[PDB]
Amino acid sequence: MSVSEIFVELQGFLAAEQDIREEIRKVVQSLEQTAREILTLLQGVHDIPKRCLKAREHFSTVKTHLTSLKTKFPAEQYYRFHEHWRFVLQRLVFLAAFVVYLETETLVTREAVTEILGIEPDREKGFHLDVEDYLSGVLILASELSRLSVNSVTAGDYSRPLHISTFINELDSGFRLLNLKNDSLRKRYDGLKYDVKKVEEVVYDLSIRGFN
């Protein structure tokens, strides 16, 4: 083709792609919104089960909104616009993990988060939760949890710290089994040591003071 032809045609393609980036940014703007709302419901901790339920309830909207975001591009092109919802997906994993931790004191599985976010497993096509974002959200949870232990002592709840300690310590232990390569992820993992250290000191302050 002639230069002119080539470019008028690439103009089409460009505009078609910018449409997609727009539809995705639209929904992602909805997700970050909901995520903030869920954060507040939960942040209240600083009636757990009620907060947890109103939160799992909010995740409902994330389910429909995500299946909506699912129709703004062909599934096989997920990873092309990943960076438009990375931040959000990592927050939502954290929030889901936070809910599960608060109600069972356990670590949501990657497969269980997919279920909560109306997402589907890697087996299928469409929207999926990659291992790096999950590990990310989990690390964010450790940060939240270490902060929580602090506040629980000033709330008078001298037991949570001890459970959180064992939990974060297990996470630390978990991450030790991995040989992280990703620059962002590793820079974050380097923060676990601080959360781990903080919780151990909180436990220490209690042990010395009497409770245990």
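Throughout, we count residues from 1 along the sequence that is shown.
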Quiz item: With respect to the deposited sequence, how many residues separating residue 187 from residue 188 are not represented by coordinates: none, 1 to 3, 4 to 9, or 10 or more?
Solution: none
Practice problem: Look up the CA B-factors in the entry and say which stretch, 26-34 or 139-147, has the higher mean. | Solution: 26-34
Self-check item: Comparing 99-107 with 74-82, the one whose average Cα B-factor in the PDB entry is higher
Solution: 74-82
Quiz item: Based on the PDB record, which member of 152, 165, 173, 67 exhibits the highest Cα temperature factor?
Solution: 67
Practice problem: Going by the recorded CA B-factors, say which third of the chain residue 21 sits in, lowest, middle or highest. | Solution: highest
Quiz item: What third of its chain's C-alpha B-factors does residue 6 belong to: lowest, middle or highest?
Solution: lowest
Practice problem: Place residue 63 in the lowest, middle or highest third of its chain's C-alpha B-factors, as listed in the PDB entry. | Solution: highest
Quiz item: Going by the entry, which third of its chain does the Cα temperature factor of residue 113 land in?
Solution: middle
Practice problem: Sort the modelled residues of this chain by their C-alpha B factor and say whether residue 129 lands in the lowest, middle or highest third. | Solution: middle
